[PDB]
Amino acid sequence: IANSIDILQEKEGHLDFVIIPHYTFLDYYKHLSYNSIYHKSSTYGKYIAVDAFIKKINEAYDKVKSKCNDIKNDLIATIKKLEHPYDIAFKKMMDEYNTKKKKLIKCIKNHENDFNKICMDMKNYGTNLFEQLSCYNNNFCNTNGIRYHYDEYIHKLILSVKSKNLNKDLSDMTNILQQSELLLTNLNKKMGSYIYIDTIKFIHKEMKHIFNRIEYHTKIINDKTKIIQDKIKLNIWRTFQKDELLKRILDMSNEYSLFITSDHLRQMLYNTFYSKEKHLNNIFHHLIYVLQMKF
Amino acid sequence: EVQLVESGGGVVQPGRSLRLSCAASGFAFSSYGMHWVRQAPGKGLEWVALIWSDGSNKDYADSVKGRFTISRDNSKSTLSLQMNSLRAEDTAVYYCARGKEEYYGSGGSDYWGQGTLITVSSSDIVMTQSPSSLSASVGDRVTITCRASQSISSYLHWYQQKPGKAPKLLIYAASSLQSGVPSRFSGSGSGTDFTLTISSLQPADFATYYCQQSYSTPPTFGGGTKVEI
């Protein structure tokens with residue numbers, strides 16, 4: 001359902017949506033599909049078919065995505081008229097935006113039933129893999145699936161986030177939005193109404209949202225970083241009862257899938273944020289050009 | 001400072017219901033798993049139920065299954081136990097204790113509440129504590145033994161239940177001294193056999209003493225070791 005859909009324009013000519021509870025739902029079974037095959041070395045040979053099934057699923061889900069493409073291209077088209085209002089009083093094509101934006105969310109909820117069929121196929125596949133899990137005695141279950149899988153598929157993702165300063169990344173994006181406001185203040189003052197002073201206001205505000213979506217996803221990134229790093233130490237280098245092992249691997253597939261969601265989206269949002277920052281620079285220069293001319 | 005004040009206890013006609021609650025103060029409640037452990041009259045420590053820090057997972061003792069229900073409200077910092085279908089076996093002092101380890105409440109119990117009394121008006125690992133009763137004089141090196149029915153690797157913790165007061169943790173990993181516990185107390189062991197060593201018994205009469213495994217699902221306790229001076 002809506003309120004949980006993210007818009008992404010990493011490129012100038014690119015726009016894609018993402019249903020956050022779907023990417024997390026799919027990522028969750030992506031983990032316990034792997035955790036349930038690396039548990040005992042007798043079963044690693046299944047990765048080829050597991051990778052193969054995730055590909056089949058990611059294709060069926062994106063066939064459903066490509067149905068709304070027609071409405072997508074309308075909005076990509078609407079934006080470009082606002083981006084560079086070259087060849088065009090303003091709220092005329094500006095309102096055409098909000099309605100085509102909302103016609104596409106309406107389009108997704110149309111196939112919301114079609115997305116669930118692809119989702120449960122990931123759960124049904126994930127389940128029949130994790131249920132077949134067995135130990136030699138059920139009293140001493142080995143944390144070898146958990147150990148390998150984290151070190152390989154997850155550890156890298158954690159390491160990268162530790163290296164960067166996701167708080168200076170935010171603190172820098174803010175300085176960009178604040179100086180744009182100060183200069184757009186000086187420009188709307190110096191000349192008054194002009195269609196491009198309204199495109200600067202549009203993008204500036206549009207970028208203010210992408211920042212708030214970034215500020216929020218890095219907060220989940222910060223929390224799931226300490227938790228996954230803390231929790232992991234208690235689920236490896238030991239043996240559990242089988243009913244406790246299955247429990248601990250689900251708690252993991254949860255921390256993972258929620259961390260992976262907020263990391264994957266934060267990158268595309270940073271991508272979109274700085275993609276809109278470029279457009280905002282072109283306009284800014286064109287205005288400075290227009291202004292000095294009058295003098 | 002920490003505090004787990006419990007409430008909700010009293011006399012109950014057999015077969016009815018009663019709700020028990022716990023008031024958490026002094027720590028990040030949201031990060032800790034909680035446990036309810038009872039002590040029937042004169043008998044030892046029987047674990048009732050546990051819940052994870054996020055309240056997602058929660059497990060019970062075999063006897064109370066289908067009757068009791070644990071829950072927590074992280075905002076108010078509240079833990080509760082809804083006891084239904086009360087049998088005469090549920091007569092006990094009910095302790096609300098905090099798990100040592102975050103999220104899972106594994107590896108023992110940091111702090112304990114005083115406990116609230118319930119009076120009804122009518123597989124799992126087995127710990128075998130060696131000396132049931134023991135009478136020494138001041139200064140004696142004292143030793144108690146705990147035998148586990150299954151190899152539990154260093155997941156052994158020792159507790160000190162003074163006369164009519166909430167248990168207190170002394171050793172967490174098989175040999176790990178809790179800060180504030182004097183030098184004297186020491187533990188050792190692995191797999192199946194573990195032992196606690198009170199060198200130089202000090203005058204604080206140490207009352208009864210219980211061990212606890214935390215490797216498998218129901219964290220089993222041994223019977224006690226009453227220590228007289």
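Please read every residue number as a count from 1 along the shown chain.
Going by what the header records, the deposited coordinates were determined by X-ray crystallography, 3.2 Å.
Including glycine, each Cβ sits where the backbone N, Cα and C put it.
The disulfide bond feature in Swiss-Prot is assigned to A:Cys68-A:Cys107, A:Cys135-A:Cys141; the stated evidence is experimental evidence. Taken from Swiss-Prot, the feature N-linked glycosylation site applies to A:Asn58.
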Checklist entry - Closest to A:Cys141 (disulfide bond): which of the recorded positions A:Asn58, A:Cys68, A:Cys107, going by Cα position? => result A:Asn58
Checklist entry - Unmodelled stretch of 5 residues from A:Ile88 to A:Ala89; how many angstrom between the C-alpha atoms? => result 9
Checklist outcome for this item: Close in space but at least six residues away in sequence, with Cβ under 8 Å from that of A:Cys135 (disulfide bond), the same-chain residues are A:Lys40, A:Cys141, A:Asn142, A:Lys242, A:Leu245
Checklist entry - Can you name the residues of this chain that are 6 or more positions from A:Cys68 (disulfide bond) yet have a C-beta less than 8 Å from its C-beta? => result A:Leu104, A:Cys107, A:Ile108, A:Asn110, A:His111
Next on the checklist: Within a 10 Å radius around the Cβ, which one of these disulfide-bonded residues has the most neighbouring Cβ atoms: A:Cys107, A:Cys141?
Outcome noted: A:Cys141
Item to check | Local Cβ density at the residue listed as 'N-linked glycosylation site' - other Cβ atoms counted within 10 Å | outcome: 13
